[PDB]
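In the form solved without the ligand, a lone chain appears below as structure tokens.
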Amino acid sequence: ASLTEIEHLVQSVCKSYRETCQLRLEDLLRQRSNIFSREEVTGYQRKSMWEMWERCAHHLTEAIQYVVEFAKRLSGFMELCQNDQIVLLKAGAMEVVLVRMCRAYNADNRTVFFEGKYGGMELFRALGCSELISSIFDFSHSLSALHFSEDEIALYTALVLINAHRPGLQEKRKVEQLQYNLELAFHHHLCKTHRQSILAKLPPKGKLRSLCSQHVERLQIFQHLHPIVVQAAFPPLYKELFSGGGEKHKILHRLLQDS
């Protein structure tokens, strides 16, 4: 590419992101005073473990559905082969959601927007995965310290998704080229906005892997405790991405095909 082409890529990525925001940033900020009461927190803590897992997996799956749309609108992604589209989304969809979630995190009081209000990590105690929860809160806290603009989130999440090192890619060089173009776009935009200082403060790629690994591991524990709950009440797309062996569901293929 060249300079105007790189700047065009920047604009295209930012537009794809804006169109596939689940929630506009301003909607999340306007809600920060709306905080769960102590009685409401208690109510969440008294929910059964399987009911809380089901609700959280539903919310995560809704978020992932917007990430799938983001990928479908992202320059170059639909030009990859379908094997590689699926490899990239299966490895990266959760990672993208985890980065996007920092927009819903309020570092002032350490709360996150959940089911219409802001609550702290004690809200999630019924899940019984306190280590995973605190890791996600800590990750969101780290990212909130950088004060990402929406444009920076768009360009950074594009690179989280377009990762040429994912095992299983059949056209690795094509993904490498797309990743390099997106890296240029991201770094060009940071240079233009005098924001290259954040490069050194971004999380290592092993950090996002660690969160996704913890999630899959806590899911395997839960699925052993409540196998029928997962079969009967978890979202099909969630099971295709995360459970074993749940990829007998072929939702992603359908999502990628239908316009």
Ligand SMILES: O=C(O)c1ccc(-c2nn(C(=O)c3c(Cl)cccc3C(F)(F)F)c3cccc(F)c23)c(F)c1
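Heads up: residue numbers just count along the shown sequence, starting at 1.
One more form of this protein, solved in complex with the ligand, exists but is not displayed; see below.
Placed ligand check: the ligand in the entry with it bound, overlay by site C-alphas, backbone/C-beta within 2.4 Å: This form leaves the site blocked.
4.5 Å heavy atom contact with the ligand in the entry with it bound for all of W53, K90 and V216: Verified in the entry with it bound; spot residues all in contact, yes.
Interface membership of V41, the ligand in the entry with it bound, 4.5 Å heavy atom rule: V41: no contact with the ligand in the entry with it bound.
The ligand contact at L9 in the entry with it bound, heavy atom, 4.5 Å: Close contact is absent here: in the entry with it bound, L9 is far from the ligand, nothing within 4.5 Å, heavy atoms only.
Exercise: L241 in contact with the ligand in the entry with it bound, heavy atom 4.5 Å: Yes.
Contact test in the entry with it bound: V13 vs the ligand, heavy atoms, 4.5 Å: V13: no contact with the ligand in the entry with it bound.
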